[PDB]
Amino acid sequence: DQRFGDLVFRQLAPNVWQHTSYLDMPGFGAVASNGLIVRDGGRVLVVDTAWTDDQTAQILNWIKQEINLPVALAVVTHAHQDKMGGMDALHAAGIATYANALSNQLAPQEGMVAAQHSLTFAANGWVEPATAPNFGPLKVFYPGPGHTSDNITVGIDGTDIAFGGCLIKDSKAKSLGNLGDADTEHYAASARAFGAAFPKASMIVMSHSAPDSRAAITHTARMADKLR
Ligand SMILES: C[C@@H](O)[C@@H](C(=O)O)[C@H]1CC(SCCNC=N)=C(C(=O)O)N1
Ligand SMILES: [Zn+2]
Ligand SMILES: [Zn+2]
């Protein structure tokens, strides 16, 4: 683990890093939020911002120092603060940002800054390639409504890594966390759909825990079963 400012960076694979930022919430303590950094050829790709614009700027600063390649694009997995909180930092730096069309539509109501481009998805959940230009190893999948109506997920092609965001919780988790915006009826099916979308992924990266095995997906699904 590497510390850079208030952020921590961990290499998960030769070309993949996890970024972690913290937000102190009064009465509840500091909460960690994870994202991904992917090196693809002569460019870098980001998945999710940090909690804030300042923290996100630090991600770009670490990238400059540790990777020294231009950041080509970023993808945010839904319209909540821990995933979209630092959109300004990305846009200030001239980085093209992509999100679920629904996330961009919800963003203003959520107090978030919308991404600059919209992803749309097929009936089977896979992104329509036309809306996801030059994503390299990033394979984006909409598993259906769960944590939120708009949550999307990301696999890293050519690695054992898949990113479930706030949809997937780790196998040690006691609850499904914040269900304030959740679709409790479809949550279980969506978690399982993600598992089926990336059947070979063995390392599951998520928003609020260290990377886990596929057990995180199944354990989440089974916790969600009880919500019905
Ligand atoms: C604060 C907001 O961004 C919230 C969300 O996205 O729903 C953050 C905080 C949280 S709570 C973190 C884990 N909580 C466990 N009780 C989650 C989450 O559950 O995914 N995401
Ligand atoms: Zn959320
Ligand atoms: Zn979260």
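When a ligand or atom number is given, it counts from 1 through the structure's own listing order. Computed from heavy atoms alone, side chains included, the values below leave out hydrogens, waters and symmetry copies. Numbers here are sequence positions counted from 1.
- Closest protein heavy atom to atom 15 (C) of ligand 1: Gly177 CA, 4.0 Å.
- Residue contacts with ligand 1 for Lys83 are absent, since no atom lies close enough (heavy atoms, distance under 4.0 Å).
- Remark: the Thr148 side chain and the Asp150 side chain contain an N/O donor-acceptor pair separated by less than 3.5 Å.
- Judged purely by distance below 3.5 Å, without hydrogens or angles, the side chains of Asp212 and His219 never pair a donor atom with an acceptor atom.
- Among the atoms of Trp51, none of the N or O lies under 3.5 angstrom from an N or O of ligand 1.
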Side chain to side chain donor-acceptor pair (under 3.5 Å) between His208 and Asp82, worked out: CA-CA 10 Å; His208 310 289; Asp82 59 346; 3.2 Å; yes

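- Ligand 1 has no atom lying under 4.0 Å from any heavy atom of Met25.
- Residue contacts with ligand 1: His78 is included, with a non-hydrogen atom under 4.0 Å away.
- Annotation: angle subtended at the Zn ion (ligand 3) by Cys166 SG and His208 NE2 is 120°, to 10°.
- From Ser207, atom OG reaches atom CG of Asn178 across 11.5 Å, with rounding to the nearest 0.5 Å.
- Note: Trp62 and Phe9 have parallel aromatic rings, judged against thresholds of 30 and 60 degrees for the angle between ring planes.
- A donor-acceptor distance shorter than 3.5 angstrom exists from the side chain of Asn151 to the backbone of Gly144, with no hydrogens or angles considered.
- Using a 4.0 Å cut-off between heavy atoms, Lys169 contacts ligand 1 through its side chain alone, with no backbone atom that close.
- The single protein non-hydrogen atom nearest to atom 8 (C) of ligand 1 is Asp82 OD2, 3.3 Å, given as residue, atom name and distance.
- Contact atoms of ligand 1 toward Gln81: 3 (O) (distance under 4.0 Å to a heavy atom of the residue).
- When only modelled atom types and interatomic distance are considered, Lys83 and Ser33 share a side-chain donor-acceptor pair under 3.5 Å.
- Not a single donor-acceptor pair under 3.5 Å links the side chain of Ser149 to the backbone N or O of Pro145.
- Of the protein's heavy atoms, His208 NE2, 3.1 Å lies nearest to atom 17 (C) of ligand 1.
- At a cut-off of 2.8 Å, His147 is not counted among the residues with an N, O or S atom near the Zn ion (ligand 3).
- For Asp82, the N, O or S atom with the smallest separation from the Zn ion (ligand 3) is OD2.
- Contacts with ligand 1 closer than 4.0 Å are made by side-chain heavy atoms of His147 only, the backbone lying farther away.
- Looking only at its N/O/S atoms, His80 has ND1 as the one nearest to the Zn ion (ligand 2).
- Closest to atom 4 (C) of ligand 1, if we only count protein heavy atoms, is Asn178 ND2, 4.1 Å.
- For atom 6 (O) of ligand 1, the closest non-hydrogen atom of the protein is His80 ND1, 3.0 Å.
- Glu66 and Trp17 share no donor-acceptor pair across their side chains, judged by distance under 3.5 Å alone.
- A salt bridge links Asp40 with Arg43: at least one charged nitrogen is closer than 4.0 Å to a carboxylate oxygen.
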